[PDB]
Amino acid sequence: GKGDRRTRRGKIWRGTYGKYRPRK
Amino acid sequence: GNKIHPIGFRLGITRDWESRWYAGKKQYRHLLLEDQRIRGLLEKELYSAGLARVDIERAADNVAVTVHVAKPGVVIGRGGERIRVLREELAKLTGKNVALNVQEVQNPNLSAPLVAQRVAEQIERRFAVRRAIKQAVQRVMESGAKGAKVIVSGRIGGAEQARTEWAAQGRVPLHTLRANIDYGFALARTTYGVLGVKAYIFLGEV
Amino acid sequence: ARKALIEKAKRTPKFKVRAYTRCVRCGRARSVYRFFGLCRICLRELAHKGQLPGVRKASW
Amino acid sequence: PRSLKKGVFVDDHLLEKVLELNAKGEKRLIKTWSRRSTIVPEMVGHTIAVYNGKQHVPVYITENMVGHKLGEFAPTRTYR
RNA sequence: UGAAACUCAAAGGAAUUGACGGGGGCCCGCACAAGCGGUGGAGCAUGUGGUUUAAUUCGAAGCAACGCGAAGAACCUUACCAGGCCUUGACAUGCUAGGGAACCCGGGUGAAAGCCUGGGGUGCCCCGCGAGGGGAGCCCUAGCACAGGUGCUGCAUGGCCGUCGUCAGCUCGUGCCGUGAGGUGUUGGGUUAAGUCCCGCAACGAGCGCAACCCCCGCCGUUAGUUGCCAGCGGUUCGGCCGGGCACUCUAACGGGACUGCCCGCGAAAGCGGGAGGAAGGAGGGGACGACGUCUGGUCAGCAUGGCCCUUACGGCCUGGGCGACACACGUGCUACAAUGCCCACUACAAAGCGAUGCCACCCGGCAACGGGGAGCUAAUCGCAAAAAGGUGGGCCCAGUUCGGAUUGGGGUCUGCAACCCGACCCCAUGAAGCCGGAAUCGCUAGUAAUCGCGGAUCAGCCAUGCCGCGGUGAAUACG
Ligand SMILES: [K+]
Ligand SMILES: [K+]
Ligand SMILES: [K+]
Ligand SMILES: [K+]
Ligand SMILES: [Mg+2]
Ligand SMILES: [Mg+2]
Ligand SMILES: [Mg+2]
Ligand SMILES: [Mg+2]
Ligand SMILES: [Mg+2]
Ligand SMILES: [Mg+2]
Ligand SMILES: [Mg+2]
Ligand SMILES: [Mg+2]
Ligand SMILES: [Mg+2]
Ligand SMILES: [Mg+2]
Ligand SMILES: [Mg+2]
Ligand SMILES: [Mg+2]
Ligand SMILES: [Mg+2]
Ligand SMILES: [Mg+2]
Ligand SMILES: [Mg+2]
Ligand SMILES: [Mg+2]
Ligand SMILES: [Mg+2]
Ligand SMILES: [Mg+2]
Ligand SMILES: [Mg+2]
Ligand SMILES: [Mg+2]
Ligand SMILES: [Mg+2]
Ligand SMILES: [Mg+2]
Ligand SMILES: [Mg+2]
Ligand SMILES: [Mg+2]
Ligand SMILES: [Mg+2]
Ligand SMILES: [Mg+2]
Ligand SMILES: [Mg+2]
Ligand SMILES: [Mg+2]
Ligand SMILES: [Mg+2]
Ligand SMILES: [Mg+2]
Ligand SMILES: [Mg+2]
Ligand SMILES: [Mg+2]
Ligand SMILES: [Mg+2]
Ligand SMILES: [Mg+2]
Ligand SMILES: [Mg+2]
Ligand SMILES: [Mg+2]
Ligand SMILES: [Mg+2]
Ligand SMILES: [Mg+2]
Ligand SMILES: [Mg+2]
Ligand SMILES: [Mg+2]
Ligand SMILES: [Mg+2]
Ligand SMILES: [Mg+2]
Ligand SMILES: [Mg+2]
Ligand SMILES: [Mg+2]
Ligand SMILES: [Mg+2]
Ligand SMILES: [Mg+2]
Ligand SMILES: [Zn+2]
């Protein structure tokens, strides 16, 4: 969930981007 | 502790600001720090003139300004020898080169800031508080005004137990956002400590 | 405000980091609003006096 | 998950005091206030006394510890 | 029948204003009940107690202290601690003196601070042919007048705040009653959210409060179009793109609008119950606003302030620690325990905000953090920008498991002089507890609760899961 750093919703919550949530 | 400053509360209507100068997120803090430096000196000296207000307008290095006093002369000087030194004291403070008008306070007993200053002085000279208050309310109430009130803090009369003297007449509706009430606060150092003096004058409604 | 730690005006921090806002009016160092250079306390004091132009009491 | 980037940091107090001290060879003791500085190769063999805020702890530097900061060998607090 | 020694400053009566009652009668409030979701359980974040420490700076202490002062502790901040160095001082206003201009740049030494120590240099005023002499400013000493002190008193205080509270209520003037405190007014019937209004009354009025006057949201209209439209038409790179137009939507100034006015019913009236128009009724919904006063409440560490105390140190400068300690206990929260769910795709629909030593389109490199490079924006023009929940599709099949992401190993990117103590962020490993929480206990009456994400202040960065705001979806229940 929101606490999973390396996941979709995880990056959102932590307000970041990366492999699991790229900037499109 | 309750009740907001009746001026900060009435800025919307019945009560304009004391600095009508616009600015942007880069200079505002400066033009502000400046006004204070101004009021800092103006009050540090013109005390004797009895300065009720001090507006400050701007447009660009042409800092309007003004100073509403009860006794203009004290400002001016022999022909204008004081209003000279000071006028240069402003541009020496801030190389802005600005005006320095002077409005006269028609009645110094309808300007809360003075009425406060008034009583505040008496307190230091050791006048009986209750009297001063009773009187002050009168001066204000006699020379017009639909209402008025005065408040002194504590250690009244050098007492160890801080109290709070009252006194007030007519109307003074603070909850009514339209009263147009002048508020004036005057400190009051003393051998034993500070005493705060607030003054409220209700003049005209709508 | 310990009029000695009001050496913030120093401008010679050796390293720009050590630079810290600090109130211009109270010396209050813990709630200094960039925009006013004042602390939250004085920012509230002057605003009441109408000495901060434009600054009104918001409500909605 | 350590990090610093490209440009390993080391205060030049002891540096020009060590690489320079390597001219004659080695020496007994040193005294630094730079927990900040990284331990580099040219220190192995030295005995750098590090300050922990109250003391100057004698830290013998070895190969296996090249890379760690000096502070890591001068523990700050005192528990039981 | 009825003393005394000794001892007290009272013991008592009636009445008054209060407070109180496990006295009575009316009546309110998420007070209970009715509900819906939570917290004391787990892991973690944060504040606190307690321990510990050279120091773990200080305050806050039932409600109303405990994500509180702190809307940003690596150094700074920080007031704490350890060391090295200053000591008319970091900052004010003056002084006689011993005496040398101000200023610019150096090198030893050192952790820095500081200390030695050596040099380019030497204008200005009246004198003097000059030599050189006496002074303003200035700086440097040496000795004064003093500065400084987040050192103690918030029970010596301003100011400001919290609290009982938006709870109604607290009073006055004159008159009347009572020897008097003090009553009457303000009690009483009806009514209201309200000491709101009505009726009645030895009382008639008034002040601070209630309400109203201010702000936001809801409907309509003027005035205004580098935002909107193809509604209308004609050009199309089929992009409101271009022409062109203010209609619409907005943007934002000013107005209109609701008054129990209208209708039926009850009533002495105020007003209550419905009904019609109307976007909106009978305080439309939400704010700002919190009386006389109480807590002898908070705060001298925001400031101001009396007294007290230290004035080569209770002042000052640094470097490094500390505020981040950890057997343990509590508060507030975060993320969860899963299928009304978790993934990966792919697709939608926001509102308020912020943006020069900045938002950062777009392009290239990198799994990525981020780095190169650069378009446009002083922003209704550009940017942060994706909103998320949803919707379509597909995977997982019920397992400590595609639930959950705590720990820990490794490799990196950034901000910064600098991330050991003690920063976020990325990637690979690791994959803890937890299967819905004892006794207790918290919030909320509707766009509220629950749930979803977005922006701001502070700020280099950040330990924001805090805080202040914004909009999407949108319940249950209230006998009493
Ligand atoms: K009795
Ligand atoms: K309203
Ligand atoms: K008190
Ligand atoms: K959830
Ligand atoms: Mg998962
Ligand atoms: Mg101070
Ligand atoms: Mg800082
Ligand atoms: Mg600031
Ligand atoms: Mg006797
Ligand atoms: Mg009696
Ligand atoms: Mg009684
Ligand atoms: Mg009773
Ligand atoms: Mg209610
Ligand atoms: Mg309610
Ligand atoms: Mg209940
Ligand atoms: Mg728990
Ligand atoms: Mg312990
Ligand atoms: Mg204290
Ligand atoms: Mg503490
Ligand atoms: Mg809170
Ligand atoms: Mg520190
Ligand atoms: Mg107090
Ligand atoms: Mg106080
Ligand atoms: Mg206290
Ligand atoms: Mg009310
Ligand atoms: Mg009477
Ligand atoms: Mg009588
Ligand atoms: Mg009575
Ligand atoms: Mg009376
Ligand atoms: Mg009464
Ligand atoms: Mg009475
Ligand atoms: Mg009565
Ligand atoms: Mg009533
Ligand atoms: Mg009334
Ligand atoms: Mg009556
Ligand atoms: Mg319209
Ligand atoms: Mg009101
Ligand atoms: Mg208390
Ligand atoms: Mg107290
Ligand atoms: Mg702390
Ligand atoms: Mg908890
Ligand atoms: Mg790539
Ligand atoms: Mg298990
Ligand atoms: Mg798993
Ligand atoms: Mg660190
Ligand atoms: Mg299971
Ligand atoms: Mg925010
Ligand atoms: Mg930030
Ligand atoms: Mg941390
Ligand atoms: Mg955060
Ligand atoms: Zn201040």
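Looking at the entry header, you'll see X-ray crystallography listed as the method and 2.90 Å as the resolution.

Naming follows the PDB entry, where chain D appears as 30S RIBOSOMAL PROTEIN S19 of Thermus thermophilus hb8. The title field of the PDB entry reads "Crystal structure of the 30S ribosome in complex with compound 1". UniProt, in the comment section headed Function, describes chain D in these words: "Located at the top of the head of the 30S subunit, extending towards the 50S subunit, which it may contact in the 70S complex. Contacts several RNA helices of the 16S rRNA." Taken from UniProt, the Sequence similarities comment for chain D reads in full: "Belongs to the universal ribosomal protein uS19 family."

Taking the PDB entry as the reference, chain C is identified by name as 30S RIBOSOMAL PROTEIN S14 TYPE Z belonging to Thermus thermophilus hb8. Chain C has a UniProt comment under Function that states "Required for the assembly of 30S particles and may also be responsible for determining the conformation of the 16S rRNA at the A site (By similarity). Binds 16S rRNA in center of the 30S subunit head." UniProt, in its Sequence similarities section for chain C, records the words "Belongs to the universal ribosomal protein uS14 family. Zinc-binding uS14 subfamily."

Engineer: Explain the environment of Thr176(B) to me, please; I cannot follow it from the model alone.
Structural biologist: Among the secondary structure elements, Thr176(B) is positioned in the loop between strand 5 (168-170) and strand 6 (181-186). Taking the C-alpha atoms as reference, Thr176(B) lies 35 Å from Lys25(B); in sequence the two are 151 residues apart.

Engineer: Would you mind showing me how to read the protein's contact with RNA strand E here?
Structural biologist: By nearness alone, 105 residues border RNA strand E, and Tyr20(A), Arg30(C), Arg40(C), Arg2(D) and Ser3(D) come closest of all. A distance of 3.5 Å is found between a sugar or linking oxygen of RNA strand E and a side-chain nitrogen or oxygen belonging to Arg22(C). Those elements giving two or more residues to the surface near RNA strand E turn out to be helix 1 (8-13) of chain A, helix 1 (40-49) of chain C together with helix 1 (12-18) of chain D. With 5 residues, helix 1 of chain A is the single largest residue contributor to the surface near RNA strand E. Across the surface near RNA strand E, the residue classes tally to 32 nonpolar, 26 polar and 47 charged.

Engineer: How should I be thinking about the nonpolar core in this particular structure?
Structural biologist: In summary, soluble globular proteins display a tendency toward joint burial of nonpolar side chains. Counting 31 residues, the largest nonpolar core has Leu46(B), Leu38(C) and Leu52(C) as its most contacted members. Breaking this core down by element, the ones donating at least two residues are helix 1 (28-45) and helix 3 (82-93) of chain B together with helix 1 of chain C. Excluding residues that lie within four positions of it along the chain, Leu52(C) makes contacts with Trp17(B), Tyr28(B), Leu32(B), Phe36(C), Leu38(C), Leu43(C), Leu46(C) and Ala47(C). Of all hydrophobic cores here, the second largest spans 22 residues; its members include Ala116(B), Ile133(B), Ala148(B) and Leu195(B).

The rules we used
Residues numbered from 1 in each chain as written, not as in the entry; some residues may be left out. Chains lettered and ligands numbered in written order. Part of a larger assembly, values for the part shown. Heavy atoms only, no water. UniProt positions renumbered as here; feature names shortened; annotations may be inferred. Helix = DSSP H or I, 4+ residues; strand = E, 2+ residues; numbered from the N terminus. Near = heavy atom within 4 Å. Polar contact = N/O pair within 3.5 Å; in protein donor to acceptor, adjacent residues only side chain to side chain. Nonpolar A, V, L, I, M, F, W, Y, C, P; charged D, E, K, R; others polar. Core = buried A, V, L, I, M, F, W, Y, C linked by side-chain atoms within 4.5 Å. Buried < 20%, exposed > 50% of the residue type's maximum accessible area, 1.4 Å probe, protein only. Contact = heavy atoms within 4.5 Å.

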